[PDB]
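Enquirer: quick one: initial chain(s) of a complex, as found there:
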Amino acid sequence: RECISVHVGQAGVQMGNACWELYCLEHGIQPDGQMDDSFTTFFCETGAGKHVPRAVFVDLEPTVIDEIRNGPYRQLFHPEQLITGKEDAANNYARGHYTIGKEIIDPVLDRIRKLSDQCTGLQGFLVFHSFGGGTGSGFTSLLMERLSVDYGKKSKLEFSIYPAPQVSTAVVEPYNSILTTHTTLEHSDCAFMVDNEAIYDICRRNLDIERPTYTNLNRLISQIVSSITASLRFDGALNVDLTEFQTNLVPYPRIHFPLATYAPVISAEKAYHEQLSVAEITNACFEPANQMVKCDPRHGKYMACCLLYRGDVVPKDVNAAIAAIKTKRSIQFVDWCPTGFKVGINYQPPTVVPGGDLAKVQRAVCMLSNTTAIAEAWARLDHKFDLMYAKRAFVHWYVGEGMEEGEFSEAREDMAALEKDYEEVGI
């Protein structure tokens, strides 16, 4: 039971340093790099009294990579794993793929081989990135293609930070997202998405943080990515492996776009005043504004939902709780999968970072769900793409890298097929 990870772009390593510090404090790993089976799935054993993670941080720009080299978590990670480039992607799907991508993928390809050859219980891969920029679109789409022909059968769990309807950090992100999704449609077994304004709304109304930063955004995100793999680390009464997320959530080989939401998210003072039990968190996780994406689930229908709890939670109240969710007529499930409920449990509770914004909780849940609610989101991203594509705006840079106007039409009609697939399947 092992799994390799990879981080790409500014979005990748920024949460990678924030997630791995949460991983190390759970297993009693000090930041200096040392203190039986729970840590073997992420951390190796380097001879005697020393460990190293089973992951790599790759990014073309060297400012973030060297920050880890000069950061506090220096001795924990490997020096050679901190891979760095020499030329930036600059919001270009092509520049991080063809010109600059080719002269750096070869150190990246062979490293995953030797990193897997020493391993024996490799379940799959999970990549953290963001299609809202340049590095997370081109280079991420290239590495998954080259290992898919090599491995193929192993799973791939993508984690992208998508743009909001109206809030946006960049301006060319429709071109970056529409191009990279053309390759992601066929090789990605599953891809959990998160919106940038939605996570701000989580800490605004619930955690009452009026002025957070991206560091705080990565803490609760680290709870999500650590909770989905928490069953593999510690013992649980109903164990769920990494391949459970592939069969139980992907109804069709092209429709592989779940959602994500987490609860409870309570402040320190509110934690003592607010009760924590399975009932309120179950009603809170299905709440639409509590989701990590600005899409109305009432407009669509849930194909399937994968529940996974943590902490001391008996299997009685979790079954009685979802039985009440089945009786709620405000939501609506699709007729193609009525029994779309998958519940899991892990005895090890949610951890807490020293000085972190999240408060201690005796139990939590991480709810993943597929639906046609993002069908309008893909229609929204495609609609704004037609405005700039009609004017042929921002095209001279992509063709200035080596591409042409041909595949721009291939990405448009591919989304057109994807849009109607959500409409016809949701009947």
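Expert: Everything's here; your move. Numbering: from 1, shown residues only, chains lettered A, B, ... in the order given.

Enquirer: What sits closest to residue A:366 if chain neighbours are left out?
Expert: What sits nearest to residue A:366 in space, not counting adjacent residues and going by CB to CB, 6 or more residues apart in numbering, is residue A:227, at 4.1 Å. For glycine as for every other residue, the C-beta is placed from the backbone atoms N, C-alpha and C.

Enquirer: Please settle this for me: is the one you found part of a strand?
Expert: No. Counting by DSSP: H, G, I helix; E, B strand; the rest coil, residue A:227 falls outside a strand, being helix.

Enquirer: tally of neighbours for it?
Expert: 19 (other CB atoms under 10 Å).

Enquirer: tell me which residues of stretch A:120-128 are tucked away?
Expert: Buried residues in stretch A:120-128, counted by 16 or more other CB atoms under 10 Å: A:122-128.

Enquirer: what about the strands in chain A?
Expert: A:2-8, A:55-59, A:82-84, A:122-128, A:155-162, A:190-195, A:258-263, A:302-306, A:309-311, A:341-342, A:363-371 (DSSP state E).

Enquirer: Tabulate the ones you listed (JSON lines), appending distance to residue A:43.
Expert: Conversion of the strands of chain A to JSON lines gives the following (distance: least, CB to CB, whole Å):
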{"stretch": "strand A:2-8", "distance to residue A:43": "10"}
{"stretch": "strand A:55-59", "distance to residue A:43": "10"}
{"stretch": "strand A:82-84", "distance to residue A:43": "17"}
{"stretch": "strand A:122-128", "distance to residue A:43": "15"}
{"stretch": "strand A:155-162", "distance to residue A:43": "19"}
{"stretch": "strand A:190-195", "distance to residue A:43": "24"}
{"stretch": "strand A:258-263", "distance to residue A:43": "24"}
{"stretch": "strand A:302-306", "distance to residue A:43": "26"}
{"stretch": "strand A:309-311", "distance to residue A:43": "20"}
{"stretch": "strand A:341-342", "distance to residue A:43": "28"}
{"stretch": "strand A:363-371", "distance to residue A:43": "22"}
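
Enquirer: Among those strands, single out whichever gets nearest to residue A:209.
Expert: For the strands of chain A, the distance to residue A:209 is smallest for strand A:258-263, at 15.7 Å, taking CB to CB.

Enquirer: could you say what helices and strands the closest one packs with?
Expert: Here strand A:258-263 touches strand A:190-195, helix A:214-228, helix A:278-285, strand A:363-371, going by 3 or more CB pairs under 8 Å, 6 or more residues apart in numbering; DSSP states H and E.

Enquirer: here's chain B, drop it on:
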Amino acid sequence: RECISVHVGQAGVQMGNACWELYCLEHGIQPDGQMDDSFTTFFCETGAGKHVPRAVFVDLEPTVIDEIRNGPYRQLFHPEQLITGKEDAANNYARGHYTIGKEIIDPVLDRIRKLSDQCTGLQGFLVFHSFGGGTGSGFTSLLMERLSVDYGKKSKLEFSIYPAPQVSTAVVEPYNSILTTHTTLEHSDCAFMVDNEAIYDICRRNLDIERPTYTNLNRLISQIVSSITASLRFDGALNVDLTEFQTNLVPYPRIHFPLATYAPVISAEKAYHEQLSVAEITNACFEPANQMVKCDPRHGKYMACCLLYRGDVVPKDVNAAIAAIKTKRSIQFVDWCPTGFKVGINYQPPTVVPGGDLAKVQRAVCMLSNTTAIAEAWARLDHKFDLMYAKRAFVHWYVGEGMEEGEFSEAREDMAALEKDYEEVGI
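Expert: Once chain B is put in with the chains from before, the structure reads:
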């Protein structure tokens, strides 16, 4: 909960410097510009241990504006807020509106926008001015028109110093008052008025000051304007907001001219000998000679009166006191609004200036009331206007600015409509 203020003309800033020194000493604000929620509604919080008022002093003539720049309260106010012009109005409604007004309103318009955009609890606006001169007539009538089309829904509390029947500082003030009131009739939500000889009579018989100045006149006026907003600053057993003065006092959308009176007004030596309670002040505030306008309330009828107390005053005696006022047959309430009583309370008592003419009092009240008593005042101002208008006196200056004799007739017939509206509504 915030509110922006603006001062216009010689009358405006002369009381503005006198009122804001009363505001700062209540909240422990030293004049140098520094010492949790009580001061947020007038004073901001600039970084760390520094505040600035939410107000602006605008005036065309630079003699009064630069006196604040060279005055003792220099470090308290913003240097940029002290707006100044280059050419005087000279008792001309037109000169401060069309020729000189247009080249100065544009710095004034955009300043209120950014001053409101940074704010979030903006209740409304209140302007201090005087139609008895030139600057307070034209420029004040212009700025209220330009923000009314922008905002509109927010309240507007005007504070003008009208002339007396026989005492008068100027000679052209009927033309100045009759022209600016044509614009005030449609856009002003409420306008409290004060007479210049009446306030002299307040300090003559009660405060026994035989030789006061305009500085002393602004102190007791500062108690009036500070007491109406005192409920918003400090806590009170029955809170009243700024919009209470719009709904409870304006019976019709054109009749928006209340009165104002304040009590107790006792000297230092008389304060120790004269008992202070709710009974004597309630009988004193409705006393006709104790009003701030030379208009007999016995001739008219009270449409509605808004009581608002301060200091340690229980709500029993205030209800028993007004019950005795209802039994008094010397006064006469109109049948269109019998229950025209609105009482309020604030725990924080009336303050006292060091060395000021007003003495310390444990309780006070600020009584605002509408009535048809000023119907003869508008008839008096209109009657004297007909004497000079018949001879076409002082007309060559107004038409010498750009206007004509046309709107002079529009202002006359507007008062003719306003006069009969008070007569028919008072039946």
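
Enquirer: and what packs on strand A:258-263, now that chain B is part of it?
Expert: When contacts are defined as 3 or more CB pairs under 8 Å, 6 or more residues apart in numbering or on different chains; DSSP states H and E, strand A:258-263 sits against strand A:190-195, helix A:214-228, helix A:278-285, strand A:363-371.

Enquirer: distance between the last one and the chain's centre?
Expert: I take that to be strand A:363-371. Strand A:363-371 sits 13 Å away from the centroid of its parent chain (CA atoms, centre = their mean, to the nearest Å).

Enquirer: got it, and the first one?
Expert: What separates the centre of strand A:190-195 from the centre of its chain is 5 Å, taken as CA atoms, centre = their mean.

Enquirer: Tell me where the stretch 51-200 of chain A has helices.
Expert: When assigned using DSSP state H, counting those that start in this stretch, the helices of the stretch 51-200 of chain A occupy the ranges A:62-69, A:100-117, A:135-150, A:173-187, A:196-205.

Enquirer: Minimum distance to residue A:388: which of these has it?
Expert: Smallest distance to residue A:388 across those (CB to CB): 6.8 Å, for helix A:173-187.

Enquirer: Which of the residues in the closest one are classified as buried?
Expert: For helix A:173-187, the neighbour count (16 or more other CB atoms under 10 Å in any protein chain shown) marks A:173-185, A:187 as buried.

Enquirer: now swap in stretch A:273-280 and tell me
Expert: Neighbour counts over stretch A:273-280 (16+ other CB under 10 Å) mark residue A:278 as buried.

Enquirer: now stretch A:412-424
Expert: Applying 16+ other CB under 10 Å to stretch A:412-424 flags A:414-415, A:418, A:421-422 as buried.

Enquirer: Please apply the same query to stretch A:132-141.
Expert: A:132-141.

Enquirer: my guess is residue A:289 contacts residue A:199, does it?
Expert: No. Under the criterion of CB atoms under 8 Å, residue A:289 makes no contact with residue A:199, lying 12.0 Å away.

Enquirer: Comparing the two, which shows the higher neighbour count?
Expert: Higher neighbour count among residue A:289 and residue A:199: residue A:199, with 20 against 12, using other CB atoms under 10 Å in any protein chain shown.

Enquirer: Neighbours of the closest residue to residue A:352 other than its chain neighbours, how many?
Expert: Sequence neighbours aside, residue A:360 is the residue nearest to residue A:352 in space, at 4.8 Å (criterion: CB to CB, 6 or more residues apart in numbering or on different chains). Neighbour count for residue A:360, taken as other CB under 10 Å: 13.

Enquirer: same thing with residue A:343?
Expert: 18.

Enquirer: same structure, new chain, call it chain C:
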Amino acid sequence: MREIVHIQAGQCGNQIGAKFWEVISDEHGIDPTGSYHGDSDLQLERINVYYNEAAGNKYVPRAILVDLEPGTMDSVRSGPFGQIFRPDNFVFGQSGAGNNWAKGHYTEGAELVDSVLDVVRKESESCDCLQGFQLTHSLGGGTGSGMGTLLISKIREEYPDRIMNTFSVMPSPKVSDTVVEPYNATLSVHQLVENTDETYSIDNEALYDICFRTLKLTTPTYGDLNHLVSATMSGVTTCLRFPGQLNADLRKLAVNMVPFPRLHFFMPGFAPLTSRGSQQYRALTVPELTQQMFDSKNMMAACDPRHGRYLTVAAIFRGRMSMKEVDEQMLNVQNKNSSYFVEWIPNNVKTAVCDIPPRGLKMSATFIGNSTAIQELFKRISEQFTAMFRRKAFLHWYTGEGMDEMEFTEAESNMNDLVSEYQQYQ
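Expert: Chain C goes in next, on the same frame as the chains above:
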């Protein structure tokens, strides 16, 4: 087990609602922080009926404070028992209404009702079996009259079968604390007459008259008046909070006091009311409490019961006492004063007693009265409404929010209707 969810509206409803949680916290032995420090085990037996259990043996009230202005929550949160309430329940707006029913019902209310309906939905799902809701507001002003009357209609749409209790304080002619009071009172009663199944007519004028005659308070404040009305809200929900020889839930008293669907406006009272300087010179057995309950100068309403006839009466009791003295005293009050009681009902008194009285008193009771003398307070506000409405005075503010002039006349058609109902049965 018949959980009741509290709800507040307006400044007064938050004040008396705050005092309601304070007085019941003392008899239950609840700390201001939230922990338990009582003595009797029965206090935890029915603590869930209003409060929610929490970790560390802490109990949090199931209250929702709603006020369009933010300053009211600052005063309640900074009170003696301000910290015990949940921080998330403090929902509120920014720009107040300023005594305008149209603002709190149409424009300023529509933006906030979406934020409170999901909160009470969360609280209603937390309890095992909800009985009903009880609300505190005031007919005067715009917040309590506008926000309260609006969500009462929405709660009826969401919970049409549950009990809908309301503690609504009405204006008075002599004590007039608002110029626009009869319009707000006339517009509010159109919703209270049809939606809610129970209503308690409280008067501010009588709350001053009651303090002079028996309490002898020289300097009464609003907090002293809140003590009288807060104790009345505790008496109505005693039998489900502590055991008793004869239980009377909120539904058990509603069926007896509401003989018709629209006739549900009660008239409250409380006893023993006695000053501290004359406590030694009075007894505390049952007959002195009975004559004090039915006395005209005991209730907190300005209605003259001698000018009419009681439809039905309910006198909830508290504390260990003898049943013969209780039952026999209620016989003579209706027999000796048969003229002041309707002959078309054989018995106008509803009896019920509890074993656990309030702290500091050994025998006490709370009065609930539906009488035909309530109409005299409704016609005078109707006369003040019709006097101001006939010239269309103080209506231009209400039409700015999009309110129609006929809706004032539709409320006027309801105003003269309810007073005529009590005249039918007189």
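
Enquirer: please look at what packs on strand A:258-263 again, because chain C has been put in.
Expert: Strand A:258-263 sits against strand A:190-195, helix A:214-228, helix A:278-285, strand A:363-371, with contacts defined as 3+ CB pairs under 8 Å, 6+ apart.

Enquirer: Could you check the angle the longest one makes with strand A:302-306?
Expert: Taking axes from the mean of the first three to the mean of the last three CA atoms, to 10 degrees, one finds that helix A:214-228 is oriented at 80 degrees with respect to strand A:302-306.

Enquirer: Which of the helices and strands packed on strand A:258-263 has the highest mean neighbour count?
Expert: strand A:363-371 (a mean of 23; mean count of other CB atoms under 10 Å in any protein chain shown).

Enquirer: Now do that one: which elements does it pack against?
Expert: Secondary-structure packing of strand A:363-371 (3+ CB pairs under 8 Å, 6+ apart): helix A:214-228, strand A:258-263, helix A:278-285, strand A:302-306, strand A:309-311.

Enquirer: Residue C:61 is nearest to which of those?
Expert: Between residue C:61 and those, the shortest gap by CB to CB is with helix A:278-285, which sits at 16.4 Å.

Enquirer: Tell me who's in contact with whatever residue of chain A ends up closest to chain B.
Expert: In chain A, the residue that lies nearest chain B is residue A:210 (11.8 Å; CB to the nearest CB). The contact partners of residue A:210, taken as CB atoms under 8 Å, 6 or more residues apart in numbering or on different chains, are residue A:204.

Enquirer: Residue nearest the middle of the chain, spatially speaking?
Expert: Just so you know, I chose chain A. In chain A, the centroid-proximal residue (CA atoms, centre = their mean) is residue A:159; its distance is 2.5 Å.

Enquirer: I was after chain C.
Expert: residue C:167 (2.1 Å).

Enquirer: Spit out the contact partners of residue C:401.
Expert: So residue C:401 contacts C:100, C:102-103, C:106-107 (CB under 8 Å, 6+ apart).

Enquirer: scratch that, residue C:395 is what I was asking about
Expert: By CB under 8 Å, 6+ apart, residue C:395 lies in contact with C:389, C:405, C:408.

Enquirer: my guess is the last one contacts residue C:183, does it?
Expert: Read that as residue C:408. Yes. Look at residue C:408 against residue C:183 with CB under 8 Å: they come within range, at 7.3 Å.

Enquirer: Tell me the residues of chain C that contact chain A?
Expert: C:34, C:52-56, C:58, C:60, C:86-88, C:122, C:125-126 (CB under 8 Å from any CB of the partner chain).
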